[PDB]
Amino acid sequence: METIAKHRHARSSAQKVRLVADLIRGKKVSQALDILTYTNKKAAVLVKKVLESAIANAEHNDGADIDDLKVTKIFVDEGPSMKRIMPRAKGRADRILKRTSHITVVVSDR
Amino acid sequence: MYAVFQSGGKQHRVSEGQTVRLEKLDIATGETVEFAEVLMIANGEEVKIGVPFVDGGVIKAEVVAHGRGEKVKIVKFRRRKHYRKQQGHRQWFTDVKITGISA
Amino acid sequence: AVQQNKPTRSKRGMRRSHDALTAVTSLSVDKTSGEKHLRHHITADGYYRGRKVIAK
Amino acid sequence: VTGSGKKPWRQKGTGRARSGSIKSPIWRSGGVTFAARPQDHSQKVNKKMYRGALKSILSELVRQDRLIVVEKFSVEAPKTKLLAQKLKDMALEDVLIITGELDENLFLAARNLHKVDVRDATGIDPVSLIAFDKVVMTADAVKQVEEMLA
Amino acid sequence: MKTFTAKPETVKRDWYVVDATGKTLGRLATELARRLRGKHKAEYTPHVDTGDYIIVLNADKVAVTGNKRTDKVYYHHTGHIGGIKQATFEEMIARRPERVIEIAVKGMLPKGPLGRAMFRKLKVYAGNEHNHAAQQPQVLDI
Amino acid sequence: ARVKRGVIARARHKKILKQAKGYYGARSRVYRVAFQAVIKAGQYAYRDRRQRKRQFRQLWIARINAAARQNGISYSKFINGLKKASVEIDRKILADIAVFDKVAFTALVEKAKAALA
Amino acid sequence: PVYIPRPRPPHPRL
RNA sequence: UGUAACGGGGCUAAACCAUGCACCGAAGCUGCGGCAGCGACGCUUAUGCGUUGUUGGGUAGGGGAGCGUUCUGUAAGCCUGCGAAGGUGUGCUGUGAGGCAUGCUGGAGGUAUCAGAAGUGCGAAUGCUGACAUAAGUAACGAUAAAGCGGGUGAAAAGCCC
RNA sequence: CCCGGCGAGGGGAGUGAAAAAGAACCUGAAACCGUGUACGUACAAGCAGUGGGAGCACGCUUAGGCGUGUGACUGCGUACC
């Protein structure tokens with residue numbers, strides 16, 4: 001059973017979300033929501049809502065039983081950055097990168 | 001049973017029965033050839049050369065194919081002197097097949 | 001004070017091999033409530049070691 | 001190129017490569033180092049090579065039994081329907097109906113046929129005499145081409 | 001067809017005992033290096049560790065001719081400030097005489113993982129009492 | 001008629017990167033390093049065919065020399081000894097025998113010693 | 001960048 | 001800077017001298033298979049040689065012959081919605097640029113053969129334009145006047161409101 | 001219709017020939033960044049390849065060697081302009 005759920009254009013960058021995804025990759029959901037809750041990072045708050053969406057689409061578009069529901073697959077691959085100008089010392093200009101990312105959680109029962 | 005013979009400018013140590021590759025012959029495909037220039041013939045009991053090309057041995061073979069080998073890319077190159085020169089080479093072969101070792 | 005030539009994928013990964021996040025794995029089941037809380041922290045409702053303390 | 005001539009930056013000391021104009025052909029949007037102009041590709045032949053090579057392609061059309069001589073060969077009404085049956089009958093799919101006297105009767109009846117081009121015997125040209133599958137001629141047209149090619 | 005290759009799994013490696021009492025150092029250690037490498041074996045593959053294990057017992061009774069016993073100098077540097085350290089043959093015997101046979105073999109085997117691996121074949125002993133008796137070390141008369 | 005050259009540089013750059021497949025680092029990825037890798041890997045494959053004959057040649061000579069000193073003679077005595085009996089066997093087969101059959105090799109040492117001594 | 005500043009002067013050497 | 005004036009081990013011969021006899025040893029030469037030049041010449045004559053000989057490292061340079069790209073003629077012909085160009089894989093094949101068949105993606109154009117003409121082949125120019133990495137989750141977050149708590153609003157409060 | 005903050009974003013339905021044509025929209029190359037499998041690596045020094053080659057993992061058909069991937073260990077080997 002596939003039942004993906006994803007969050008495109010996640011406005012925290014991929015290297016910082018990808019630390020959080022390296023905790024829940026390969027566990028049950030019941031472990032995952034709590035471990036994401038007590039993790040003291042922001043992308044935990046940004047990926048708990050994605051995994052919570054994956055729960056609801058699993059129960060509501062196809063078969064239920066959240067008890068037997070592993071997070072088999074989760075991958076964060078980066079999205080379109082956003083180009084902004086930074087003024088610096090001595091008249092030069094920088095280009096800061098408001099990077100975004102694409103979170104994908106694929107939850108399954110088997 | 002194994003006998004040792006020159007075919008194409010190189011020796012071979014061959015078992016009777018098997019299927020051996022060597023240099024390209026002037027022989028059509030479904031034709032036997034019969035190498036009479038056999039050096040060594042071993043068995044349980046062994047009789048090699050003490051002269052060139054013993055006395056009376058022969059090797060009975062039969063062509064299987066006239067193929068070409070796998071391609072070799074040759075890059076002569078000289079660094080800094082504006083020179084490189086690709087080339088390919090596929091070497092012909094003959095697949096002989098042994099049907100008998102005489103004594 | 002600047003890099004002489006750029007590092008790879010490889011030596012970036014090996015430096016990032018210590019940026020792994022650490023799991024919590026200590027979640028108490030509360031005495032009265034059965035709720036999950038960290039060790040020595042109060043619960044979400046507010047019970048601590050079974051005892052209600054938050055009054056809030 | 002609609003631009004300027006002021007150097008984009010200093011000659012020295014900027015880290016960037018030397019450049020002197022924005023119209024340079026190595027830059028984007030400004031360029032074409034050897035830009036082409038309108039020219040005349042029209043090249044000259046000797047007269048005897050043109051007339052002689054028409055004699056040679058008349059020879060090749062003759063020895064292949066492609067060039068067809070008829071006598072006076074024209075249509076009766078200005079209707080391409082007549083030329084459809086008419087060039088059906090001689091088994092002439094693609095032709096060069098070349099005559100010596102041009103009229104409004106025949107030329108209008110082939111202005112809409114694709115594989116038919118009806119010329120005046122003054123105006124044959126060496127790409128048509130090869131570029132048609134058969135050629136059919138009036139005896140008067142052969143009478144004039146004998147004179148003109150000479 | 002294709003020539004012969006050995007295989008590092010399936011080689012039976014024999015054991016040997018060489019008593020080094022009253023020898024020449026390099027003339028023994030040469031033969032040790034040749035046996036440990038496996039250049040005596042008929043199936044000799046240049047990359048396969050082929051050779052035998054050798055025990056060298058009585059390493060203190062190795063001999064050197066000339067005046068090498070008072071003048072062969074075993075230099076080494078510690079990788080430090082200026083700490084080059086020199087020690088003659090006469091110290092190197094009486095302190096730790098495994099190093100004499102052990103260096104003199106170690107400089108005649110190749111380097112890298114292979115030559116360090118076949119260097120682990122050799123078992124020097126200063127005394128006589130060894131306890132490799134459970135692995136049948138037949139006598140190598142050399 | 002203006003010529004665009006996008007679709008042919010695909011074929012050149014990809015023809016280079018297909019041969020450079022398997023190489024560490026940018027040498028399988030970046031074309032500008034992979035061309036420089038493929039050329040140098042063409043020179044090495046040209047020289048090492050020449051060295052292949054010599055690198056097997058001393059392997060054969062080492063096999064013959066090791067087995068021949070098992071059977072009580074050196075290599076140089078064995079090869080002048082084989083030349084004297086007019087024996088046209090090369091080093092390849094003779095190194096091949098000493099691995100598989102010690103015994104025909106042993107008789108071949110005897111035929112070295114007979115004409116030799 | 002529109003404004004590129006003058007490079008930091010060299011160590012003398014004269 | 002560390003032995004550091006055999007490459008090293010190590011050597012009383014593995015040094016040096018005189019004699020021989022082996023053997024290793026090059027992309028040399030020979031053996032086998034193969035390609036190309038040039039000159040001869042049997043004997044073929046727009047083409048292979050039963051042949052024969054030599055020859056073939058190469059920068060600047062000089063000479064000969066090729067493949068590929070887009071567009072015009074051949075071509076209102078031919079391939080193609082039972083799937084073209086493009087993209088990505090594989091497998092064959094050519095001495096080389098390259099070619100051919102075909103799995104998938106894509107969804108409507110592509111063009112034999114011989115000719116013609118070029119904006120005709122890029123890895124380099126402190127090359128231009130775009131895109132993306134690197135150092136890097138690094139330095140910093142813009143005055144060392146300074147914050148603390150309660151209530152509120154909120155999905156969310158150190159910063160907003162009282 | 002459902003998660004989500006009467007969000008952004010997403011999964012079902014539905015239109016459509018196709019929604020890996022969803023407005024960030026035909027085709028979607030490369031550098032770059034990931035996830036999953038196979039193999040190699042934590043006693044081993046160097047233009048990172050190349051010649052030799054073990055072992056392993058897959059597909060083959062003969063029943064023994066292929067095909068493919070990685071590549072222990074070894075000879076040689078100081079990029080391009």
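Couple of notes before you dig in:
- Residue within region A:6-19 that is free of Cβ contacts under 8 Å to residues at least 40 places away in the same chain, closer than 24 Å to C:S26 by Cβ, within 13 Å of another protein chain (Cβ to nearest Cβ) and not in a strand (DSSP E or B) present: yes
- Of everything listed in (1) more than 8 Å from RNA strand I (Cβ to nearest atom); (2) closer than 30 Å to B:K73 by Cα; (3) crowded, with 16+ Cβ neighbours inside 10 Å, the single unmet condition for F:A37 is (1).
- Scope region A:99-110; condition more than 14 Å from A:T3 (Cα to Cα) and in a strand (DSSP E or B); matching residues: A:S101, A:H102, A:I103
- Breaking point among (1) under 21 Å from A:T37 (Cβ atoms); (2) not in a loop (DSSP other than H, G, I, E, B), for C:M14: (1)
- Scan region C:9-42 for residues that are hydroxyl-bearing (S, T, Y), over 16 Å from A:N40 (Cα atoms) and within 12 Å of another protein chain (Cβ to nearest Cβ) and the total you get is 3.
- Within region A:49-78, residues that are within 14 Å of another protein chain (Cβ to nearest Cβ) and touching a residue at least 60 places away in the same chain (Cβ under 8 Å) reach partners that are of a type in the set (A, V, I, L, M) and near RNA strand I (Cβ under 7 Å from one of its atoms) with beta carbons closer than 6 Å, at six or more positions or on different chains, in the pairs A:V76/A:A14.
- Test for E:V48: is it in a loop (DSSP other than H, G, I, E, B) and within 11 Å of RNA strand H (Cβ to nearest atom): no
- Filter pass, B:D55 being away from chain F (no Cβ under 11 Å) and farther than 18 Å from F:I89 by Cα: no
- Restricting region F:8-25 to residues that are near RNA strand H (Cβ under 9 Å from one of its atoms) and touching a residue at least 12 places away in the same chain (Cβ under 8 Å), the residue that is farthest from B:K71 (Cα to Cα): F:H13
- With a requirement of 3 or more residues that are aromatic (F, W, Y) and either within 16 Å of RNA strand I (Cβ to nearest atom) or within 14 Å of chain F (Cβ to nearest Cβ) (or both), none of the helices (runs of 4 or more DSSP H) lying completely within region D:21-115 satisfies it.
- Residues of region F:93-106 that are within 8 Å of another protein chain (Cβ to nearest Cβ) and crowded, with 18+ Cβ neighbours inside 10 Å: F:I93, F:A95, F:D96, F:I97, F:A98, F:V99, F:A104.
- Long-range neighbours under 7 Å by Cβ, at least six apart or interchain, first residue more than 10 Å from chain F (Cβ to nearest Cβ) and in contact (Cβ under 8 Å) with a residue 40 or more places away in the chain within region B:73-102, second of a type in the set (G, A, S) and not in a loop (DSSP other than H, G, I, E, B): B:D95/B:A65; B:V96/B:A61; B:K97/B:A61; B:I98/B:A61; B:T99/B:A61; B:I101/B:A3
- Residues of region E:67-100 that are in a strand (DSSP E or B) and either surrounded by 15 or more Cβ atoms within 10 Å (Cβ to Cβ) or touching a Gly at 6+ places or on another chain (Cβ under 9 Å) (or both): E:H77 alone.
- For E:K111: the one exception among (1) more than 19 Å from E:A33 (Cβ to Cβ); (2) more than 6 Å from RNA strand H (Cβ to nearest atom); (3) loosely packed, with under 12 Cβ neighbours inside 10 Å: (1)
- Residue check for F:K83: over 14 Å from the mean Cα position of the chain (by Cα) and within 27 Å of B:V38 (Cα to Cα): yes
- Note on region E:37-57: among residues that are closer than 15 Å to E:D141 by Cα and not hydroxyl-bearing (S, T, Y), the one that is nearest to the other protein chains (Cβ to nearest Cβ) is E:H40.
- Checking each residue in region F:1-54 for being away from chain B (no Cβ under 13 Å) and of a type in the set (A, V, I, L, M, F, W, C) picks out F:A1, F:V3, F:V7, F:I8, F:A9, F:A11, F:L17, F:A26, F:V30, F:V33, F:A34.
- Residues that are within 16 Å of RNA strand I (Cβ to nearest atom) and of a type in the set (A, V, I, L, M, F, W, C) were ranked within region E:34-66; the one that is surrounded by the most Cβ atoms within 10 Å (Cβ to Cβ) is E:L36.
- Taking first residues from region F:26-48 that are at positive phi and among the aromatic types (F, W, Y) and partners that are part of a helix (DSSP H, G or I) and more than 8 Å from RNA strand H (Cβ to nearest atom), no Cβ contact under 7 Å between residues at least 6 apart in sequence or on separate chains turns up.
- Considering residues of region F:47-79 that are more than 8 Å from RNA strand I (Cβ to nearest atom) and more than 24 Å from F:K113 (Cα to Cα) only, the residue nearest to the chain's Cα centre (by Cα): F:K53
- Cβ-Cβ under 9 Å pairs, at least 6 apart or on other chains, region C:1-28 side over 30 Å from C:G50 (Cβ atoms) and among the aliphatic types (A, V, I, L, M), far side within 10 Å of RNA strand I (Cβ to nearest atom) and part of a helix (DSSP H, G or I): C:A20/A:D22; C:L21/A:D22
- Take the conditions (1) assigned to a loop (DSSP other than H, G, I, E, B); (2) loosely packed, with under 14 Cβ neighbours inside 10 Å; (3) among the aliphatic types (A, V, I, L, M); D:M148 misses just one of them, which is (1).
- Residue check, B:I41 surrounded by 13 or more Cβ atoms within 10 Å (Cβ to Cβ), more than 16 Å from RNA strand I (Cβ to nearest atom), more than 26 Å from F:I97 (Cα to Cα) and among the β-branched types (V, I, T): no
- Strands (runs of 3 or more DSSP E) (entirely within region A:50-98) containing at least 2 residues that are under 17 Å from the mean Cα position of the chain (by Cα) and within 13 Å of RNA strand H (Cβ to nearest atom): A:70-78
- A:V45 within 11 Å of the chain's Cα centre (by Cα) and within 12 Å of RNA strand I (Cβ to nearest atom): yes
- Inspection of region A:79-93 identifies at least one residue that is near RNA strand I (Cβ under 10 Å from one of its atoms) and not hydrophobic (A, V, I, L, M, F, W, C).
- F:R5 vs. criteria basic (K, R), near RNA strand H (Cβ under 9 Å from one of its atoms) and over 30 Å from E:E43 (Cβ atoms): yes
- Test: residue in region F:66-88 that is within 14 Å of chain B (Cβ to nearest Cβ) and loosely packed, with under 12 Cβ neighbours inside 10 Å: yes
Every number here is computed from the coordinates shown, using simple stated rules; none is lab data. Because the Cβ atoms are built from the backbone with ideal geometry, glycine has one as well, and the counts that use them run over all protein chains shown.
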